[PDB]
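A single chain comes next, written as structure tokens; it is the form deposited in one PDB entry.
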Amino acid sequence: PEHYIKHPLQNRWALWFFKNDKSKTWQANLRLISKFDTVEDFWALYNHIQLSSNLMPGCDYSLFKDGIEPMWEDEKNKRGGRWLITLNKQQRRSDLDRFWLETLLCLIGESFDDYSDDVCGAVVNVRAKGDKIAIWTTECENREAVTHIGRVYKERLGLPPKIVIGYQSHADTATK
């Protein structure tokens, strides 16, 4: 074990936590948990943190490439958007953790081939009205990349017909 060689990731990633406290400005509620850049260090982190399904409503996890803040305002996000799925109440226990882990594996495994460079990160929102999972990409008008990421992501999630997936620019989200 003292000579074990870890398996490198293409990118260094940062895992963030968001705590719901409406008294604070939104970014003030972000907390960096840790960063990693190997397969084994990914699992060491994942294996020592709470499952998404056990977070308090109003909290988030986000996994973003090192140097990209998990917010619309980042240079790498402001022209981008997200591939979003929304779950119902029953699906929190049956699917949220599985879908989130699959999302993490798509990110760290660079599953979108020559378009994985358009990936910024992913977010899971634990919400009473319906949990959300999304992959954030860097440019909504990189339509080849957006298509490829969306198509592969949906296949990897294995979504049933009742859980749909769509893309939205952050500019449109911010303006609602």
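Only the largest set of C-alpha atoms that superpose within 1.5 Å between the two forms is called the rigid core. The numbering used is simple: start at 1 and walk along the sequence shown.
Engineer: Of 52-60 and 29-37, which one has the bigger average CA B-factor?
Structural biologist: Averaging CA B-factors over each stretch, the winner is 52-60.
Engineer: Taking only the CA atoms, which stretch has the higher mean B-factor in the record, 18-26 or 158-166?
Structural biologist: Higher mean C-alpha B-factor in the PDB entry: 158-166.
Engineer: Could you look up the Cα B-factor of residue 115 in the entry and say which third of the chain it sits in: lowest, middle or highest?
Structural biologist: As the PDB entry reports it, the C-alpha B-factor of residue 115 lands in the highest third of its chain.
Engineer: Splitting the chain's C-alpha B-factors into thirds, which one does residue 87 fall into?
Structural biologist: It belongs to the highest third of the chain when residues are ordered by C-alpha B-factor.
Engineer: Using only modelled residues of the chain, where does the Cα B factor of residue 137 rank: lowest third, middle third or highest third?
Structural biologist: For residue 137, the deposited C-alpha B-factor lands in the lowest third.
Engineer: Should residue 69 be placed in the lowest, middle or highest third of its chain by the C-alpha B factor in the entry?
Structural biologist: Middle third of the chain for residue 69's C-alpha B-factor.
Engineer: Split the chain's modelled residues into thirds by Cα B-factor; is residue 149 in the lowest, middle or highest one?
Structural biologist: Its C-alpha B-factor, which the entry lists for residue 149, ranks in the middle third among residues of this chain.
The form deposited in another entry exists for this protein as well; it is not shown, and the discussion that follows is about that form.
Engineer: Looking at 147, 54, 38, 34, which has a Cα shift of 2 angstroms or more between this form and the one not shown when the rigid core is held fixed?
Structural biologist: The displaced C-alpha is that of 54.
Engineer: Once both forms sit on the same rigid core, is the C-alpha displacement of residue 166 at or above 2 Å between this form and the one not shown?
Structural biologist: Superposed on the core, residue 166 moves its C-alpha less than 2 Å between this form and the one not shown.
Engineer: Pin down for me whether the residue 130-residue 52 Cα distance shrinks or grows in the other form relative to this form (closer or farther, change of 3 Å or more).
Structural biologist: Farther, not closer.
Engineer: Given that the shift is 3 Å or more, do the Cα atoms of residue 114 and residue 161 end up closer or farther apart in the other form than in this form?
Structural biologist: Note: Cα gap between residue 114 and residue 161 shrinks in the other form.
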